[PDB]
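Colleague: work.cif is reproduced in full below (mmCIF, C-alpha atoms and all ligand atoms).
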data_run
#
loop_
_atom_site.label_atom_id
_atom_site.label_comp_id
_atom_site.auth_asym_id
_atom_site.auth_seq_id
_atom_site.Cartn_x
_atom_site.Cartn_y
_atom_site.Cartn_z
CA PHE A 1 110.10 -44.87 -25.45
CA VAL A 2 108.01 -44.51 -28.75
CA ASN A 3 105.36 -42.77 -31.04
CA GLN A 4 101.83 -44.32 -31.45
CA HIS A 5 98.26 -43.08 -32.46
CA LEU A 6 96.39 -42.75 -29.17
CA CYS A 7 92.70 -42.10 -29.66
CA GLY A 8 89.70 -41.96 -27.34
CA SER A 9 90.01 -43.89 -24.12
CA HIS A 10 93.56 -44.87 -25.10
CA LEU A 11 94.77 -41.31 -24.80
CA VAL A 12 93.42 -40.82 -21.29
CA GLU A 13 94.86 -44.17 -20.22
CA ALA A 14 98.24 -43.16 -21.48
CA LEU A 15 97.91 -39.84 -19.58
CA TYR A 16 97.03 -41.78 -16.45
CA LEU A 17 100.19 -43.88 -16.78
CA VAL A 18 102.40 -40.99 -17.65
CA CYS A 19 101.12 -38.45 -15.11
CA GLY A 20 99.86 -40.71 -12.25
CA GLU A 21 99.84 -38.96 -8.82
CA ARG A 22 100.40 -35.58 -10.53
CA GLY A 23 96.99 -35.86 -12.27
CA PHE A 24 96.24 -34.44 -15.69
CA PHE A 25 93.73 -32.65 -17.84
CA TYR A 26 91.95 -33.93 -20.87
CA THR A 27 90.51 -31.10 -23.02
CA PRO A 28 89.55 -32.28 -26.49
CA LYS A 29 87.98 -28.99 -27.57
CA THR A 30 91.27 -27.12 -27.17
CA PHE B 1 72.73 -45.49 -14.05
CA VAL B 2 74.34 -47.42 -11.14
CA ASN B 3 77.06 -46.78 -8.51
CA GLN B 4 80.47 -48.00 -9.47
CA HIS B 5 83.57 -48.97 -7.60
CA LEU B 6 86.41 -47.40 -9.67
CA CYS B 7 90.17 -47.56 -9.17
CA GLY B 8 93.23 -46.63 -11.25
CA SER B 9 92.71 -46.22 -14.98
CA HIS B 10 89.06 -47.35 -14.57
CA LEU B 11 88.29 -44.02 -12.94
CA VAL B 12 89.84 -42.10 -15.82
CA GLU B 13 87.99 -44.26 -18.35
CA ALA B 14 84.70 -43.50 -16.62
CA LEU B 15 85.43 -39.79 -16.63
CA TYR B 16 86.25 -40.06 -20.34
CA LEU B 17 82.81 -41.78 -20.96
CA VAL B 18 80.89 -39.45 -18.77
CA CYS B 19 82.55 -36.14 -19.86
CA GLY B 20 83.30 -36.78 -23.52
CA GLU B 21 84.08 -33.82 -25.71
CA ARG B 22 83.64 -31.58 -22.65
CA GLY B 23 86.79 -33.00 -21.14
CA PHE B 24 87.84 -33.22 -17.50
CA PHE B 25 90.56 -32.79 -14.95
CA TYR B 26 91.98 -35.69 -13.01
CA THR B 27 92.90 -34.53 -9.54
CA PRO B 28 94.08 -37.27 -7.16
CA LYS B 29 94.89 -36.48 -3.54
CA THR B 30 98.72 -36.07 -3.01
CA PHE C 1 76.68 -36.75 -20.54
CA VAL C 2 77.75 -37.14 -24.29
CA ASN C 3 77.79 -38.95 -27.76
CA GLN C 4 80.91 -41.00 -28.84
CA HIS C 5 81.69 -43.92 -31.31
CA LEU C 6 81.97 -47.00 -29.11
CA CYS C 7 83.27 -50.01 -30.98
CA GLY C 8 84.37 -53.50 -29.96
CA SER C 9 85.55 -53.88 -26.40
CA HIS C 10 84.76 -50.20 -25.79
CA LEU C 11 81.05 -50.79 -26.19
CA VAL C 12 80.92 -53.62 -23.65
CA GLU C 13 83.00 -51.58 -21.21
CA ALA C 14 80.60 -48.71 -21.50
CA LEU C 15 77.69 -51.15 -20.92
CA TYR C 16 79.46 -52.45 -17.84
CA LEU C 17 79.76 -48.92 -16.43
CA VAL C 18 76.27 -47.93 -17.34
CA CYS C 19 74.43 -51.09 -16.26
CA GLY C 20 76.70 -52.45 -13.46
CA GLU C 21 74.83 -54.67 -10.93
CA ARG C 22 71.81 -54.83 -13.29
CA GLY C 23 73.92 -56.69 -15.90
CA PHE C 24 73.42 -56.37 -19.63
CA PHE C 25 73.33 -58.17 -22.93
CA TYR C 26 75.64 -57.75 -25.85
CA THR C 27 74.12 -59.10 -29.10
CA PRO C 28 75.98 -57.88 -32.17
CA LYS C 29 74.03 -59.99 -34.65
CA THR C 30 70.75 -58.27 -33.74
CA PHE D 1 94.34 -71.55 -22.75
CA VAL D 2 94.90 -70.75 -19.03
CA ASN D 3 92.73 -69.97 -15.96
CA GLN D 4 92.21 -66.32 -15.30
CA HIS D 5 91.34 -64.26 -12.30
CA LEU D 6 88.81 -61.70 -13.66
CA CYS D 7 87.05 -58.83 -11.90
CA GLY D 8 84.96 -55.84 -13.01
CA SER D 9 85.26 -54.79 -16.64
CA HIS D 10 87.99 -57.44 -17.16
CA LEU D 11 85.31 -60.11 -16.96
CA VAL D 12 83.19 -58.38 -19.60
CA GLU D 13 86.25 -57.89 -21.83
CA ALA D 14 87.02 -61.60 -21.62
CA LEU D 15 83.44 -62.49 -22.50
CA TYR D 16 83.68 -60.10 -25.45
CA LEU D 17 86.92 -61.90 -26.64
CA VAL D 18 85.61 -65.35 -26.04
CA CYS D 19 82.05 -64.86 -27.44
CA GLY D 20 82.62 -62.40 -30.26
CA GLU D 21 79.91 -62.00 -32.85
CA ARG D 22 77.87 -64.59 -30.94
CA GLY D 23 77.39 -62.15 -28.10
CA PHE D 24 76.67 -62.82 -24.44
CA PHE D 25 74.70 -61.92 -21.38
CA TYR D 26 76.30 -60.46 -18.30
CA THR D 27 74.48 -61.71 -15.23
CA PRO D 28 76.02 -60.70 -11.89
CA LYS D 29 74.55 -61.96 -8.62
CA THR D 30 72.26 -59.28 -6.99
CA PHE E 1 107.20 -39.89 -15.40
CA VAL E 2 105.84 -41.39 -12.14
CA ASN E 3 105.90 -44.79 -10.36
CA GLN E 4 102.93 -46.96 -11.05
CA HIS E 5 101.25 -49.81 -9.28
CA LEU E 6 100.43 -52.28 -12.12
CA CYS E 7 98.62 -55.62 -12.00
CA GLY E 8 97.17 -58.01 -14.60
CA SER E 9 96.50 -56.60 -18.05
CA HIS E 10 97.52 -53.11 -16.80
CA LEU E 11 101.12 -54.28 -16.72
CA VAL E 12 100.94 -55.52 -20.30
CA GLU E 13 99.26 -52.29 -21.41
CA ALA E 14 102.06 -50.27 -19.85
CA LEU E 15 104.68 -52.40 -21.57
CA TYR E 16 102.81 -51.87 -24.84
CA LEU E 17 102.91 -48.03 -24.27
CA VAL E 18 106.47 -47.96 -23.14
CA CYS E 19 107.94 -50.40 -25.74
CA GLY E 20 105.83 -49.69 -28.81
CA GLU E 21 107.09 -50.90 -32.14
CA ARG E 22 110.14 -52.33 -30.34
CA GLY E 23 107.96 -54.95 -28.71
CA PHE E 24 108.49 -56.86 -25.48
CA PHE E 25 108.36 -60.15 -23.69
CA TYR E 26 105.98 -60.79 -20.83
CA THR E 27 107.63 -63.10 -18.34
CA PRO E 28 105.65 -63.73 -15.14
CA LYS E 29 107.10 -65.84 -12.34
CA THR E 30 105.73 -69.48 -12.46
CA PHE F 1 85.53 -69.03 -29.84
CA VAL F 2 85.74 -66.38 -32.72
CA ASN F 3 87.66 -64.10 -35.25
CA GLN F 4 88.01 -60.29 -34.55
CA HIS F 5 90.42 -57.40 -35.61
CA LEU F 6 92.71 -56.91 -32.63
CA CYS F 7 94.88 -53.83 -32.96
CA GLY F 8 97.25 -51.99 -30.62
CA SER F 9 96.62 -52.45 -26.93
CA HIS F 10 93.76 -54.83 -27.76
CA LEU F 11 96.13 -57.41 -29.19
CA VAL F 12 98.37 -57.49 -26.12
CA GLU F 13 95.33 -57.71 -23.85
CA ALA F 14 94.06 -60.66 -25.78
CA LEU F 15 97.53 -62.27 -25.51
CA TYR F 16 97.46 -61.68 -21.77
CA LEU F 17 94.10 -63.47 -21.48
CA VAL F 18 95.05 -66.28 -23.76
CA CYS F 19 98.57 -66.96 -22.47
CA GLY F 20 98.34 -65.82 -18.79
CA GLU F 21 100.91 -67.54 -16.50
CA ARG F 22 102.78 -68.87 -19.57
CA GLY F 23 103.64 -65.28 -20.63
CA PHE F 24 104.00 -64.17 -24.22
CA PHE F 25 105.95 -62.08 -26.66
CA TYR F 26 104.77 -59.11 -28.61
CA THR F 27 107.03 -58.35 -31.62
CA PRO F 28 105.39 -56.01 -34.09
CA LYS F 29 108.43 -55.64 -36.34
CA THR F 30 108.46 -59.37 -37.15
CA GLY G 1 88.07 -36.48 -3.04
CA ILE G 2 86.43 -38.30 -5.99
CA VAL G 3 89.33 -40.45 -6.92
CA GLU G 4 89.54 -41.64 -3.40
CA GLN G 5 85.75 -41.85 -2.91
CA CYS G 6 85.16 -43.84 -6.24
CA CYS G 7 87.97 -46.17 -5.38
CA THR G 8 87.70 -46.70 -1.56
CA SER G 9 83.90 -46.54 -1.34
CA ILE G 10 81.72 -46.03 -4.46
CA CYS G 11 80.47 -43.24 -6.62
CA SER G 12 77.81 -42.55 -9.19
CA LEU G 13 78.29 -41.37 -12.66
CA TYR G 14 76.38 -38.24 -11.59
CA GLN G 15 79.11 -37.50 -9.01
CA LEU G 16 81.78 -38.01 -11.72
CA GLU G 17 80.10 -35.58 -13.91
CA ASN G 18 81.22 -32.98 -11.39
CA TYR G 19 84.71 -33.42 -12.83
CA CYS G 20 83.88 -32.55 -16.38
CA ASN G 21 84.93 -29.23 -17.91
CA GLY H 1 77.84 -67.66 -10.47
CA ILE H 2 80.54 -66.95 -13.11
CA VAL H 3 81.07 -63.35 -12.32
CA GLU H 4 81.62 -64.25 -8.75
CA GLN H 5 83.61 -67.43 -9.52
CA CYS H 6 85.98 -65.64 -12.09
CA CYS H 7 86.52 -62.82 -9.68
CA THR H 8 86.70 -64.50 -6.20
CA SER H 9 88.41 -67.72 -7.34
CA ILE H 10 89.37 -68.31 -11.01
CA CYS H 11 87.80 -69.49 -14.19
CA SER H 12 88.78 -70.78 -17.58
CA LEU H 13 87.89 -69.34 -20.87
CA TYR H 14 86.01 -72.60 -21.51
CA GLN H 15 83.75 -71.84 -18.51
CA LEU H 16 83.17 -68.30 -19.87
CA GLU H 17 82.13 -69.67 -23.12
CA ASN H 18 79.07 -70.91 -21.28
CA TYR H 19 77.88 -67.30 -21.27
CA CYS H 20 77.92 -66.76 -24.97
CA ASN H 21 74.70 -66.58 -26.98
CA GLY I 1 71.24 -53.10 -33.15
CA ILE I 2 73.59 -51.77 -30.46
CA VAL I 3 76.66 -52.11 -32.81
CA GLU I 4 74.85 -50.22 -35.54
CA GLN I 5 73.46 -47.68 -33.02
CA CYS I 6 76.94 -47.04 -31.29
CA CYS I 7 79.93 -47.95 -33.43
CA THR I 8 78.91 -47.00 -36.95
CA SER I 9 76.64 -44.10 -35.79
CA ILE I 10 76.77 -42.68 -32.21
CA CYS I 11 74.75 -43.27 -29.08
CA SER I 12 74.27 -41.84 -25.64
CA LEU I 13 74.82 -43.54 -22.22
CA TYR I 14 71.09 -43.32 -21.93
CA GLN I 15 70.56 -45.39 -25.11
CA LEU I 16 73.03 -47.94 -23.70
CA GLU I 17 70.75 -48.31 -20.73
CA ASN I 18 68.25 -49.89 -23.22
CA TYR I 19 70.57 -52.99 -23.12
CA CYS I 20 70.66 -53.27 -19.31
CA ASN I 21 68.77 -56.18 -17.76
CA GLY J 1 110.62 -60.10 -11.17
CA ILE J 2 108.97 -57.06 -12.83
CA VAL J 3 105.50 -58.42 -13.03
CA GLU J 4 105.63 -59.18 -9.38
CA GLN J 5 107.48 -55.97 -8.45
CA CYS J 6 105.06 -53.65 -10.49
CA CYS J 7 102.09 -55.41 -9.00
CA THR J 8 103.09 -56.12 -5.33
CA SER J 9 105.15 -52.95 -4.80
CA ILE J 10 105.58 -50.33 -7.57
CA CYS J 11 107.71 -49.73 -10.59
CA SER J 12 108.71 -46.93 -12.90
CA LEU J 13 108.25 -46.78 -16.56
CA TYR J 14 112.06 -46.70 -16.78
CA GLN J 15 112.19 -50.14 -15.09
CA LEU J 16 109.56 -51.43 -17.57
CA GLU J 17 111.60 -50.29 -20.41
CA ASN J 18 113.99 -53.06 -19.42
CA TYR J 19 111.44 -55.48 -20.90
CA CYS J 20 111.35 -54.04 -24.35
CA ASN J 21 112.98 -55.82 -27.28
CA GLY K 1 95.39 -29.80 -28.96
CA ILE K 2 96.21 -33.17 -27.39
CA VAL K 3 93.64 -35.00 -29.66
CA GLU K 4 95.13 -33.36 -32.74
CA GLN K 5 98.70 -33.94 -31.46
CA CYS K 6 98.09 -37.72 -30.56
CA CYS K 7 95.18 -39.30 -32.39
CA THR K 8 95.25 -37.74 -35.84
CA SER K 9 99.09 -37.29 -35.84
CA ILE K 10 101.37 -39.05 -33.28
CA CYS K 11 102.93 -38.01 -30.00
CA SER K 12 105.48 -39.21 -27.52
CA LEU K 13 105.00 -40.03 -23.78
CA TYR K 14 107.10 -36.98 -23.21
CA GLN K 15 104.62 -34.73 -25.09
CA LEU K 16 101.84 -36.27 -22.97
CA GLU K 17 103.66 -35.03 -19.92
CA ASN K 18 102.77 -31.49 -21.19
CA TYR K 19 99.18 -32.28 -19.98
CA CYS K 20 100.19 -33.39 -16.47
CA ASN K 21 99.30 -31.06 -13.61
CA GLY L 1 103.69 -61.31 -38.01
CA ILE L 2 101.09 -61.14 -35.22
CA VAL L 3 100.13 -57.50 -36.17
CA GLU L 4 99.68 -58.52 -39.79
CA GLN L 5 97.89 -61.76 -38.78
CA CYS L 6 95.45 -59.98 -36.25
CA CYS L 7 95.00 -56.28 -36.88
CA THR L 8 95.05 -55.93 -40.65
CA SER L 9 93.53 -59.43 -41.26
CA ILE L 10 91.86 -61.47 -38.45
CA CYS L 11 93.03 -64.22 -36.14
CA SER L 12 91.66 -66.69 -33.67
CA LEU L 13 92.49 -67.07 -29.92
CA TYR L 14 94.10 -70.28 -30.98
CA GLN L 15 96.49 -68.48 -33.38
CA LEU L 16 97.34 -66.09 -30.52
CA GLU L 17 98.46 -69.08 -28.53
CA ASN L 18 101.31 -69.35 -31.12
CA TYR L 19 102.85 -66.29 -29.31
CA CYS L 20 102.64 -67.77 -25.80
CA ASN L 21 105.91 -68.81 -24.18
CL CL M 1 89.75 -47.40 -29.91
CL CL M 2 89.33 -50.14 -30.60
CL CL M 3 91.86 -53.74 -12.03
CL CL M 4 91.98 -49.07 -30.54
ZN ZN M 5 90.49 -49.30 -28.75
ZN ZN M 6 91.71 -53.23 -13.95
#
Could you rewrite the structure in this file as structure tokens?
Ligand SMILES: [Cl-]
Ligand SMILES: [Cl-]
Ligand SMILES: [Cl-]
Ligand SMILES: [Cl-]
Ligand SMILES: [Zn+2]
Ligand SMILES: [Zn+2]
Modeller:
Amino acid sequence: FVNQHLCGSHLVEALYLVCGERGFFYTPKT
Amino acid sequence: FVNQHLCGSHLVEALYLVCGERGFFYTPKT
Amino acid sequence: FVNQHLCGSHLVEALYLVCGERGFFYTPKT
Amino acid sequence: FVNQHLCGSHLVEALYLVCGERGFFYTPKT
Amino acid sequence: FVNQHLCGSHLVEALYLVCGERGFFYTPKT
Amino acid sequence: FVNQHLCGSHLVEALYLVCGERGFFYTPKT
Amino acid sequence: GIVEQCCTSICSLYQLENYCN
Amino acid sequence: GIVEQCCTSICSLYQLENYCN
Amino acid sequence: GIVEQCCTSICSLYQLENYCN
Amino acid sequence: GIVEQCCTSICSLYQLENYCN
Amino acid sequence: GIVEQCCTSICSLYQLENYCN
Amino acid sequence: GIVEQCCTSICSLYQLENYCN
């Protein structure tokens, strides 16, 4: 695997791919 | 605004657009 | 809803989600 | 260039790539 | 990490996320 | 057609659309 | 729920907004 | 039209280019 | 236009509805 | 192969990683 | 948080698994 | 390469065809 800048939409897409079925949370303000 | 048919990462993208800096949880069934 | 920087592809995707069936126009040079 | 099968926001993305700074209209049937 | 169902540009996006600066080849059947 | 900055994911998506069936390679480090 | 609803039938952005924090 | 054609059968980038301004 | 209103500065989903047909 | 496997059934990120350079 | 950890600085896929439910 | 040719500077769809198999 690897280390990239993931901003905006790209971060949630990556979470989708990583977490899938499990689901995730996206909380910018934290 | 219109209804949308939204699967996979498209759902998470739409949540990102709709929720913004408020964030969201992504909670798929099982 | 919320206020984000939407550039390139991201802007047309957002228009797709917002407008859907209605359709839209994307005219950078205006 | 090859043929492409293109649904939802993928269509609008391809129009964005193909049209660029010329822009485009997105005109779905009904 | 979970299994993922991945078609069209979603496959290439996942390869981009997984491979990063190492790169990859995209080799569809025929 | 046209000339745009295509970075990260956006570059591989564009390659997907351009190359399709043919497939492509994405080699940042070259 | 929503994931299933938006994907198997359809949903509105206003329904999605129920998933925001 | 095009949206339906690209999605239900297939289309070329050259056909898409008909939708540019 | 839209690019100025949304990429350089920011816009709402409601402003984007200005560009719907 | 992989493109067909990930799309027609399912695949893991670990399987994808076989396509990296 | 996640935005700080991933957009301004960089993160791994493994760190992103911290935000899975 | 491609990253230099397309992200830092700009490229055409035709240049991207250089990276097709
Ligand atoms: Cl971006
Ligand atoms: Cl971008
Ligand atoms: Cl899709
Ligand atoms: Cl980006
Ligand atoms: Zn982007
Ligand atoms: Zn898709």
Colleague: Just need the residues of chain A within 12 Å of chain F, counting only C-alpha atoms, so spit them out as a ChimeraX atom specification.
Modeller: /A:4-7,9-11,13-14
Colleague: As an exercise, work out the distance from atom CA of residue I:4 to atom CA of residue L:16 in Å and give it to one decimal place.
Modeller: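 Computing it gives 28.0 Å between the two atoms.
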Colleague: With all Cα atoms paired residue by residue, do a least-squares superposition of chain J on chain H and hand back the transformed coordinates as an mmCIF file with C-alpha atoms, keeping the file's coordinate frame.
Modeller:
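The file below, part39.cif, is the result:
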data_model
loop_
_atom_site.group_PDB
_atom_site.id
_atom_site.type_symbol
_atom_site.label_atom_id
_atom_site.label_comp_id
_atom_site.auth_asym_id
_atom_site.auth_seq_id
_atom_site.Cartn_x
_atom_site.Cartn_y
_atom_site.Cartn_z
ATOM 1 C CA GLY J 1 77.836 -67.659 -10.472
ATOM 2 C CA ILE J 2 80.531 -66.954 -13.110
ATOM 3 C CA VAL J 3 81.073 -63.347 -12.322
ATOM 4 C CA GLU J 4 81.626 -64.252 -8.745
ATOM 5 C CA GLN J 5 83.612 -67.422 -9.520
ATOM 6 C CA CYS J 6 85.978 -65.647 -12.100
ATOM 7 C CA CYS J 7 86.521 -62.820 -9.681
ATOM 8 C CA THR J 8 86.694 -64.504 -6.202
ATOM 9 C CA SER J 9 88.410 -67.719 -7.339
ATOM 10 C CA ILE J 10 89.374 -68.310 -11.005
ATOM 11 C CA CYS J 11 87.795 -69.485 -14.191
ATOM 12 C CA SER J 12 88.779 -70.780 -17.586
ATOM 13 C CA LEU J 13 87.894 -69.341 -20.869
ATOM 14 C CA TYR J 14 86.015 -72.602 -21.507
ATOM 15 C CA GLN J 15 83.754 -71.840 -18.505
ATOM 16 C CA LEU J 16 83.173 -68.301 -19.871
ATOM 17 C CA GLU J 17 82.134 -69.669 -23.123
ATOM 18 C CA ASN J 18 79.068 -70.920 -21.280
ATOM 19 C CA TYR J 19 77.875 -67.297 -21.268
ATOM 20 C CA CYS J 20 77.917 -66.760 -24.968
ATOM 21 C CA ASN J 21 74.701 -66.573 -26.976
#
Colleague: For residue K:15, find every residue with an atom within 10 Å (counting only C-alpha atoms), except residues of its own chain fewer than 6 positions away, and show them as a VMD selection string.
Modeller: (chain A and resid 18) or (chain K and resid 2 5 to 6)
Colleague: Give as JSON, numbers by chain every residue of chain G that touches chain B within 6 Å, counting only C-alpha atoms.
Modeller: {"G": [3, 6, 7, 10, 11, 12, 19, 20, 21]}
Colleague: To one decimal place in Å, what is the distance between atom CA of residue L:8 and atom CA of residue K:9?
Modeller: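 Result for atom CA of residue L:8 versus atom CA of residue K:9: 19.7 Å, one decimal.
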Colleague: Would you compute the distance between atom CA of residue H:13 and atom CA of residue L:13? Give it in Å to one decimal.
Modeller: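 Atom CA of residue L:13 lies at a distance of 10.4 Å from atom CA of residue H:13.
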